[PDB]
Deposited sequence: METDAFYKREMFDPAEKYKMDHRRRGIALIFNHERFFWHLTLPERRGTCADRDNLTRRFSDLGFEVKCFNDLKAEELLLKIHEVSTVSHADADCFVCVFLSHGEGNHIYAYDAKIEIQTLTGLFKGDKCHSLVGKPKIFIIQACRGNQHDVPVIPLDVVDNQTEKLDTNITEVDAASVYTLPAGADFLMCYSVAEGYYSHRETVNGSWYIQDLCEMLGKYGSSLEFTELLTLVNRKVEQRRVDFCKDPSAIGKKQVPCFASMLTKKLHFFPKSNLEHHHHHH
């Protein structure tokens, strides 16, 4: 038993990073638009590709389309990949995230990558990043935490923009507080620091953004992450 053990990150490929980016929603859902989310998407694409990920973005997919895309990524072989990343930028509530037209239970999506159903990721880090809450010239929109911040299974790391009792913030131009600080830390420390230690820096960056001095006073934001990783996780430059 070795206390310093790291996930093996010397495969041919870093692996895939999926980004599901949702700005608009089916009219009859009566959900507000997530303005600024495209800046989050681009920020994340830049940062994750620089860490060696093959990034695939999908904008405003309907539930059927989103399920098809995610099912196929889950069934292609990851044997020659280090890990897998998935990002959801949408409205969400409880155990659900919204596609364009309907809610989907998060666990049905994460479940596609558990060992029984994805042998080639067994023992490999599976990282889900979730920027989702329920929505009611750069302005700051502010919404209450709504998505249950739960873990997902062995070797899953679930990263949430905001925890219960706190508020998520999104600027119409620069994007989400959480994504901005995440990408800033990825950019500086992504390629050297242990990933949970980096996420801890993100907690600090977000928690210290001040909410004193509209009706947004006191709506503090604190993210969280739920880890079932069993080893240290680094993204040293590949070669």
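- Unmodelled segments of the deposited chain, in sequence order: 1-11, 148-167, 245-247, 274-282.
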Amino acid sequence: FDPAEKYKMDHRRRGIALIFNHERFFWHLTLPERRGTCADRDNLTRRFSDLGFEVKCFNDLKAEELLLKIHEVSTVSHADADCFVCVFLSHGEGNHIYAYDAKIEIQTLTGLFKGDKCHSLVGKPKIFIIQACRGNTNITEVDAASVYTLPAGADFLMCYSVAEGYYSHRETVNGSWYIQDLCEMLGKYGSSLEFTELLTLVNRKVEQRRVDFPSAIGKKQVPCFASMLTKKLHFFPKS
From here on, numbers count along this sequence of modelled residues.
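- For the segment pair 204-212 and 54-62, the entry gives 204-212 the higher mean B-factor, averaged over Cα atoms.
- When the two stretches 89-97 and 141-149 are set side by side, the higher mean Cα temperature factor goes to 141-149.
- Across the residues 173, 199, 193, 183, the deposited record lists the maximum Cα B factor for 173.
- Residue 164: CA B factor in the lowest third of modelled residues in this chain (values from the PDB entry).
- When all modelled residues of the chain are sorted by CA temperature factor, residue 110 is found within the middle third.
- Split the chain's modelled residues into thirds by C-alpha temperature factor. Residue 74 is in the middle one.
- Ranked within its chain, residue 220 lands in the middle third, by CA B factor from the PDB record.
- In the PDB entry, a CA B factor belonging to the highest third of its chain's modelled residues is recorded for residue 1.
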